[PDB]
Amino acid sequence: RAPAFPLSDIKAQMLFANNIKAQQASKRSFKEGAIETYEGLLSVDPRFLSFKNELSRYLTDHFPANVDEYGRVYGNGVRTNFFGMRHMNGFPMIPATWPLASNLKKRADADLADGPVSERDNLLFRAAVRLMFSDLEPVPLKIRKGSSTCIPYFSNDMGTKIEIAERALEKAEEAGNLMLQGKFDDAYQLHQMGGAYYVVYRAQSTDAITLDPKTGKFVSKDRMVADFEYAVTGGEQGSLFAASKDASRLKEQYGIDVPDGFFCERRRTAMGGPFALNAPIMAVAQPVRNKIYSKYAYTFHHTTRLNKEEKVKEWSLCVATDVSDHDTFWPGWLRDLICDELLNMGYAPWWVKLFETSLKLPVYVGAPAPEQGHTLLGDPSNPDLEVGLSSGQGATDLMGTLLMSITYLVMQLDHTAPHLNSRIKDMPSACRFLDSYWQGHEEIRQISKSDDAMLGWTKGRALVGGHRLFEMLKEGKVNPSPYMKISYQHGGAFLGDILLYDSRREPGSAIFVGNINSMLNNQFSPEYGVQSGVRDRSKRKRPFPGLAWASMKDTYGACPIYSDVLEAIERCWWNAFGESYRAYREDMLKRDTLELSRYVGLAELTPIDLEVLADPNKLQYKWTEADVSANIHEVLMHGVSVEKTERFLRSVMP
Ligand SMILES: [Mn+2]
């Protein structure tokens with residue numbers, strides 16, 4: 001049972017430096033409220049809400065999901081209903097979950113191993129660690145603009161961040177060594193490395209909604225959560241119940257109009273790391289990305305839909321997988337294994353302790369619901385939580401791939417390719433086979449970014465077993481992996497793009513198109529608002545919203561129903577607004593096109609560049625620095641001197 005501490009306690013007090021921003025953060029209470037969907041327009045505006053009500057009914061009606069029995073998609077490309085938009089963007093379900101403080105039991109109760117099952121697996125994992133963290137080229141420590149440093153200073157002034165980051169890369173060794181001696185408080189008080197994660201709550205504005213033919217009433221997807229007790233005890237006591245998306249309280253409290261079939265939005269937990277501890281970790285994680293997005297680009301680097309469609313055309317079978325709640329599930333033991341191999345490889349113990357510790361840190365829960373929260377979970381003096389993986393750890397994306405890639409590969413050997421076992425006899429042979437399999441220069445294949453992936457089998461012996469596996473995944477009775485809960489994706493798609501099979505449901509005559517539902521989400525149910533209160537747009541969550549219209553075609557036009565939907569959209573946006581959506585959007589576009597230039601027409605920019613500028617969160621799951629124009633990059637990022645990261649990195653590696 002995890003130690004808990006009220007905001008009042010000395011232990012949580014020193015999470016928050018002596019200034020307003022920081023103190024405000026320790027204290028900050030629940031906050032709901034309509035979002036400025038677009039400039040001058042509220043998410044709960046009676047017209048906008050009526051627009052949604054009709055657009056979703058009509059679209060789900062005239063274009064029902066065309067999805068296979070094996071979760072392959074065909075026909076119109078619609079993988080589901082359009083009811084997503086039926087949320088009161090800004091008003092959150094209540095309560096949000098308390099971050100679970102130990103997944104040890106969660107994993108057990110799920111039948112997932114507490115470590116590698118077989119020495120083979122133990123080799124493949126360690127191989128991944130080797131191939132990932134070896135032969136690294138130093139780069140600048142690129143700092144995202146606008147981002148917070150969280151515990152302890154809670155600043156978001158680039159100048160301050162640069163200084164902290166540089167300072168960190170200096171005294172990072174001193175601190176790691178201090179952690180090795182077990183003096184974590186000493187390390188934190190001297191270098192603000194340790195302490196805790198800061199538990200914000202992100203919105204996810206497009207969770208599931210269904211329309212019961214029986215009921216005729218709408219049905220929000222149930223989303224379970226943990227009351228404090230459940231979370232501190234990893235599931236022993238406490239209860240795990242569903243939160244209320246019921247949006248009526250919206251009327252009572254704020255007098256707002258609540259149409260039939262609208263709900264509050266799902267809220268996922270998000271963590272914010274002590275920047276001073278992420279700095280030394282990012283200086284390494286970024287190079288690692290570089291090595292893999294190049295050398296092992298077949299399985300890891302994903303840009304354009306051709307780039308995807310190409311690799312898959314060659315496959316004889318394609319299986320889109322899916323991972324349940326990947327993050328709260330991430331094995332604690334993989335961290336310890338990854339940390340061992342690093343040590344073995346010769347990585348400097350101190351830097352591994354920073355890494356080890358960054359994955360065992362207490363989390364500070366802010367505001368799950370009104371009158372809940374303001375609590376530190378676990379003791380910063382001796383960090384030992386098993387949160388799983390934390391959204392804001394320096395290497396969090398790599399941590400998902402390292403795990404999940406091997407997990408899949410194993411799943412392939414396990415059910416399709418036993419004859420490759422001979423190939424993995426020892427460490428060296430392991431890498432060799434891994435280094436092979438990761439380039440896709442092998443008969444079983446994989447493209448993946450952490451929890452999203454598609455698995456492929458070329459012609460060959462495995463090919464038959466592959467099909468067996470597909471079947472095991474359809475019946476969904478047996479879990480194929482011992483490491484994570486894995487299933488097929490009902491409506492197969494990879495990194496935002498839908499795989500559109502055809503008449504012959506074969507990966508050859510398949511083609512990647514974009515998800516049309518995603519467009520409707522981006523355009524009408526935005527994560528954040530326009531932030532007019534914020535002056536510098538590069539500091540805003542959506543800097544140049546208009547710009548997305550420019551890349552609409554270059555992105556969604558590939559969809560079977562793209563045209564119709566643009567016409568449906570335009571139509572309904574008339575019945576509700578009198579105006580013309582196309583005009584409204586073109587009006588936004590022209591505006592921000594001028595505005596943009598003070599921060600650097602669009603002749604130059606790429607189709608991506610725009611999507612990024614309209615929402616830079618797509619650097620956080622979709623694309624990468626290499627994918628964006630180097631001059632557009634400096635608008636959303638600023639780095640730390642390369643001299644400084646190079647010297648640092650030189651002390652870390654072997
Ligand atoms: Mn998928």
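All residue numbers given refer to positions from 1 along each chain's written sequence rather than to the entry's numbering, and residues for which no coordinates exist are omitted. Side-chain measures here rest on the full set of heavy atoms in the structure, leaving out hydrogens and waters.

This entry, as listed in the PDB, derives from X-ray crystallography and reports a resolution of 3.20 Å.

> Explain the sheet that holds strand β14 (residues 375-377) to me, and be specific about the residues and the numbers.
Sheet strands pair by backbone hydrogen bonding; their relative direction is either parallel or antiparallel. The strand order β1-β14-β13-β6-β11-β4 describes an open sheet built from six strands, whose pairing is mixed. Each edge of the sheet is formed by a strand with only one pairing partner; in this case those strands are β1 (4-6) and β4 (87-92). When the angles between neighbouring strand axes are averaged without regard to direction, this sheet yields 35°. Should DSSP find at least two bridges between two strands, the strands are taken to pair. Going along the chain from the N terminus, every DSSP run of H or I of four or more residues is numbered as a helix, and every run of E of two or more is numbered as a strand. Sheet topology places strand β6 (residues 197-204) next to strand β13 (residues 363-365); three bridges connect them, and they run parallel. What sits directly across from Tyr197, in β13, is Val363. All axes here are fitted lines through C-alpha atoms, helices being fitted over the stretch that makes contact, and every angle between N-to-C directions spans 0 to 180 degrees.

> If you had to explain helix α14 (residues 332-345) to someone new, which residues and values would you point to?
Any helix carries an expected span of 1.5 Å times its number of residues minus one. For α14, with 14 residues, the first-to-last C-alpha span of 20 Å sits near the 20 Å given by 1.5 Å per residue. Buried means the residue's accessible area, taken with a 1.4 Å probe over protein chains only, is under 20% of the maximum for its type, while exposed means over 50%, and partly exposed covers the values in between. For α14, the buried fraction is high: 10 of the 14 residues fall into the buried class. All of the buried residues along α14 are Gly332, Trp333, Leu334, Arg335, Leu337, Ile338, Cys339, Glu341, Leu342 and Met345. Contacts between residues were defined by any pair of non-hydrogen atoms, one from each residue, lying within 4.5 Å. Tucked inside the fold, the buried residues of α14 contact α4 (104-108), α5 (119-133), α15 (349-358) and α16 (396-415).

> Please set out the pattern of salt bridges residue by residue, giving values where relevant.
By definition here, a salt bridge exists when the distance from a side-chain nitrogen of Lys or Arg to a carboxyl oxygen of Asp or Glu is within 4 Å. Applying the stated rule across the entire model yields 38 salt bridges. The residue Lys171 makes a salt bridge to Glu174 at a minimum N-O spacing of 3.0 Å. Of this pair, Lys171 and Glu174 both sit in helix α6 (residues 158-180), three residues apart, which is roughly one turn of that helix. Ionic pairing is found between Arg537 and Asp592, a salt bridge with its closest N-O pair at 3.5 Å. In this pair, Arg537 is assigned in the loop between α19 (516-524) and α20 (553-556) and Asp592 in helix α22 (residues 581-597), connecting sequence segments 55 residues apart. Residues joined by salt bridges that share partners form a network here, namely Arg126, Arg130, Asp340 and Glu341.

> Could you give an account of the UniProt feature "binding site: Mg(2+)" in the protein chain, naming the residues involved and the relevant values?
UniProt positions are given in the numbering used here, feature names are shortened, and annotations may be inferred rather than shown by experiment. Feature annotation in UniProt places "binding site: Mg(2+)" on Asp451, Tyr488 and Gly492, given in this structure's numbering. Spanning 42 residues, the named residues form one tight spatial group whose C-alpha atoms are at most 13.4 Å apart. The residues touching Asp451, leaving out its near neighbours within four places in the chain, are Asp322, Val323, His326 and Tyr408. Checked against the element boundaries, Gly492 lands in the loop between β17 (486-488) and β18 (493-494). In this view, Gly492 contacts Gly71, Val73, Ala320, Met454, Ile498 and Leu499; residues no more than four positions away in its chain are not counted.

> Hey, could you go over the coordination of the manganese ion for me, with residue numbers and the actual values?
Coordination shells were defined by N, O and S atoms within 2.8 Å of each metal, extended to 3.2 Å for Na, K and Ca; water is absent from the atom set, which can make sites look incomplete. Taken together, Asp452 (OD), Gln489 (OE1) and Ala493 (O) make up the protein donors of the manganese ion, found 2.1 to 2.5 Å from the metal. Sequence spacing of the donors to the manganese ion: D-x36-Q-x3-A. With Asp452 in strand β16 (residues 452-457) and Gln489 in the loop between β17 and β18, the pair connects residues that are 37 residues apart, well separated along the chain. Each member of the pair, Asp452 together with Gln489, is buried.

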